[PDB]
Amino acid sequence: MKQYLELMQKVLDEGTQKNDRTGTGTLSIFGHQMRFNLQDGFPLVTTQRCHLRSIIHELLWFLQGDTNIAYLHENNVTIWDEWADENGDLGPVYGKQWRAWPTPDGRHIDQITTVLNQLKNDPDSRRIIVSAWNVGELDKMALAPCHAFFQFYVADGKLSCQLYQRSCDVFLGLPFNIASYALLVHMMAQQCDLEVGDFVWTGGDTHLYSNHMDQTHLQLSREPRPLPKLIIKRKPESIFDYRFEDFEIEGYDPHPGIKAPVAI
């Protein structure tokens, strides 16, 4: 995508050498923002083939408030294997904070339902927020939330959403983080009878790993193709009733996939 490739070029031209936790260096910039008008089409990177299958199951899993990978395994989705323990537990990550944020007084807060209530009853609210940054449970999580905080907004019958991502691997992580939240905006809007608006991506430490230089130059030489269109085949009774097969992406014609290896 145009916005995506411009970011890639910006990290190359303006990034500072910065080390990560494993010791692999990165080229990093701090603070960036991109906007995607969802009416122009589904924001799925075309300059390299992205497989949506995993994204969709992962999102459905988050909505379930599930933090054990069993559901992912029944569908042979292995993207969280790296972090799970022998029982397949990840600790109180995303889904748990979204659906059951624990309070000091013994309650569990359903932020997803809270957000739906606000979108239907008080759409002008400037506090329609979901946060996975639960300070008191950070130590128990396999990993600290990257996509930590997001806010919804309604104006003229259009649902917009801004995500704050504290850390971002532009090559390997970003394509998937964008498609994931754009998808959630489409589900949310369908359930609230609103049109889709903008998905605003805001990043903190936005970077490219130094061992991904050839892959980046290769993708930077490719030309963006038309964006696909997302179609939701049915309208479930609630946000927790979607199923994998309800979604179809039409018109997605990507350039070949590029492999990016990681150090251990």
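For every residue, the number given is its place in the sequence shown, counted from 1.
Going by the mean C-alpha B-factor recorded in the entry, which is higher: 31-39 or 226-234?
Mean CA B-factor is higher for 226-234.
- Do the CA atoms of 141-149 or those of 77-85 have the higher mean B-factor in the entry? Taking the mean B-factor of the alpha carbons in each, 77-85 is higher.
Residue with highest C-alpha B-factor in the PDB entry, from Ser221, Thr206, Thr26, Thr202 = Answer, based on the entry's C-alpha B-factors: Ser221.
Check your understanding: Within this chain, which third does the Cα B-factor at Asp156 fall in: lowest, middle or highest?
Key -> It falls in the top third of the chain.
Legend entry - CA B-factor placement of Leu52, once the chain's modelled residues are sorted into thirds: As the PDB entry reports it, the C-alpha B-factor of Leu52 lands in the highest third of its chain.
*asked:* Ranking every modelled residue in this chain by its Cα temperature factor as given in the entry, which third contains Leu183?
replied: It belongs to the lowest third of the chain when residues are ordered by C-alpha B-factor.
Chain thirds of CA B-factor: placement of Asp193 | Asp193: CA B-factor falls in the highest third of its chain.
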